[PDB]
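The primary structure of each chain is shown beneath.
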Amino acid sequence: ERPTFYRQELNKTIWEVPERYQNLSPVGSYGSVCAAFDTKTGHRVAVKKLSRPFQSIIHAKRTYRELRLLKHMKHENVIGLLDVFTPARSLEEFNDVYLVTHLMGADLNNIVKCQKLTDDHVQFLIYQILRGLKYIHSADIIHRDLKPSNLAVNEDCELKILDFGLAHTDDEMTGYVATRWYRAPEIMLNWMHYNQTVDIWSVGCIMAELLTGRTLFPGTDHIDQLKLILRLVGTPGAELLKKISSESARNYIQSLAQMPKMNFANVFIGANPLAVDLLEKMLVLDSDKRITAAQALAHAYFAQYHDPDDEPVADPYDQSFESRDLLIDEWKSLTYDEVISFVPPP
Ligand SMILES: Nc1ccc(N2C(=O)C=CC2=O)cc1
Ligand SMILES: [Cl-]
Ligand SMILES: [Cl-]
Ligand SMILES: [Cl-]
Ligand SMILES: [Cl-]
Ligand SMILES: [Cl-]
Ligand SMILES: [Cl-]
Ligand SMILES: [Cl-]
Ligand SMILES: [Mg+2]
């Protein structure tokens, strides 16, 4: 049952993998990644070797979280797991974890910065993002890091969501950085407990950028970005203010002069009126009032692609491990069980 493994050193790293994976080629270094040819399936794949997966309790739990999430995702518009393996023959010698996915080429950044996008292209790209998000949200998963570099696109304009947020550093979110430009204001500023509605804010920012060719909220820091956001959508009323938990944050918001919501038709000049309407329903400051993924799929902007019989939901997903307090070797044994129980896709 166990395949034969072979060892090789590539760019100062030892790779020990099943014989089915051939012609390994480093492509980046979380972990290190190689492209390879999978002779069993005929696909070009990415093989990721995790770095120090069990070095702390925090790191061991994150390894388990990533493997559980990738094993669950089975949807045309979401990255899935082709294989997971370890050269260890027993739990006692278990130390390394390797993950195998389809090799991705272009991301949405390349399409946006380069090509000329018709409204038809925007419809199809945003439709596929929302189709994947309906699936993800139906399992009570929040992506939390949706942005153009985390969306893979091929020559036929087909799209996959990848790089789920496995929980970023403060330094990574500081300054003039794309890592913050797509984040909802309530999570950027820790206003309140957040939920899946943060992802719809991100879709609105991405859709705006496809329509204009320009970043919607390219702030030079957290406060500059908040000012750009409030100039477009308006300052909050008393209803949303009650929902912000920090007294200082509430005090700061009330220090700002009040501003009305702008006319989106005079911002997104020449856009399809149905695109403008959908943007007004995503980019809502109060997260309770944003449109959901399931509701957006039925919006008239997507009439040529919407098929309610081909927009599936996910199997239920048990996340109770997230509140569990375990030792390193307990998280490690749980991860080992999930490696050896993996069943490949058809
Ligand atoms: N700045 C800016 C650039 C482009 C746009 N635009 C749309 O939003 C849809 C067509 C179009 O040219 C709007 C503002
Ligand atoms: Cl093999
Ligand atoms: Cl996939
Ligand atoms: Cl090992
Ligand atoms: Cl990006
Ligand atoms: Cl005022
Ligand atoms: Cl489950
Ligand atoms: Cl421990
Ligand atoms: Mg990424």
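Residues numbered from 1 in each chain as written, not as in the entry; some residues may be left out. Chains lettered and ligands numbered in written order. Heavy atoms only, no water. Residues with missing side-chain atoms left out of burial classes, pairs and counts.

### Structural notes on the site of ligand 1
Just so we agree on the cut-off: Any residue with a non-hydrogen atom lying within 4 Å of a molecule or strand is treated as near it. Amino acids outside the nonpolar list (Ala, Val, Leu, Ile, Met, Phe, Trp, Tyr, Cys, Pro) and the charged list (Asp, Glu, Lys, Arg) are all regarded as polar, and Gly is one of them.
Taken together, the neighbourhood of ligand 1 is formed by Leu 211, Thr 212, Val 267, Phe 268, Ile 269 and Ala 271. In terms of residue class, the shell around ligand 1 is built from five nonpolar, one polar and no charged.

### Some words on the UniProt feature "active site" in the protein chain
What counts, and what does not: UniProt positions are given in the numbering used here, feature names are shortened, and annotations may be inferred rather than shown by experiment. Labels follow the DSSP assignment, with helices taken as runs of H or I lasting at least four residues and strands as runs of E lasting at least two, numbered in each case from the N terminus. Note on contacts: a residue pair qualifies if any of its non-hydrogen atoms lie within 4.5 Å across the two residues.
In this numbering, the UniProt entry assigns the feature "active site" to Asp 163. Mapped onto the elements of the fold, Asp 163 is located in the loop between β9 (159-161) and α4 (178-181). Ignoring anything within four residues of it in the chain, the contact list for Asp 163 reads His 143, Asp 145 and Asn 150.

### With respect to the environment of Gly 28
Here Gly 28 lies in strand β3 (residues 21-28). Considered as a pair, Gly 28 and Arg 7 are 21 residues apart in the sequence and their alpha carbons are 19 Å apart.

### Focus: the packing of aromatic side chains
For clarity, the cut-off: Aromatic contacts are taken between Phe, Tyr and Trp rings whose centres are within 6.5 Å, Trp giving its six-membered ring; a plane angle under 30 degrees counts as stacked, one over 60 as edge-to-face, and the others as tilted. Accessible area is worked out with a 1.4 Å probe on protein chains only. A residue is then buried under 20% of its type maximum, exposed over 50%, and partly exposed in between.
Overall, the coordinates contain 16 aromatic pairs when judged by the stated rule. Seen in terms of ring centroids, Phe 5 and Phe 85 are 6.0 Å apart; in terms of plane orientation they differ by 70°. Their pairing is edge-to-face. For the pair shown, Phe 5 and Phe 85 are each scored as buried. The interplanar angle of 80° and the centroid separation of 6.3 Å between the aromatic rings of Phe 321 and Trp 331 together place this pair among those described as edge-to-face. Linking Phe 321 in the loop between α11 (293-297) and α12 (328-340) with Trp 331 in helix α12, this pair joins segments that are ten residues apart in sequence. Judged by its relative accessible area of 1%, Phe 321 is buried. With a relative accessible area of 1%, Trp 331 lands in the buried category.

### With respect to the nonpolar core
Convention followed: For this analysis, a nonpolar core means a set of buried residues of the types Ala, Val, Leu, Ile, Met, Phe, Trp, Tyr and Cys, connected via side-chain atoms within 4.5 Å.
If you look at the biggest cluster of nonpolar residues, it comprises 85 residues, and the most contacted ones within it are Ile 126, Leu 130, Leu 133, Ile 136 and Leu 283. With 13 residues, the next largest nonpolar core counts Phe 5, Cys 34, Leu 82 and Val 100 among its residues.

### A few points about unusual backbone geometry
Residues other than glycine seldom take positive phi values, yet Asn 23 does so here, at roughly 60°. Of note, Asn 23 is situated in strand β3. One non-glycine residue, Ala 167, lies in positive phi territory at about 60°. On the secondary structure map, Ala 167 appears in the loop between β9 and α4. Of the residues examined, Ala 167 reaches a relative accessible area of 75% and is grouped as exposed.

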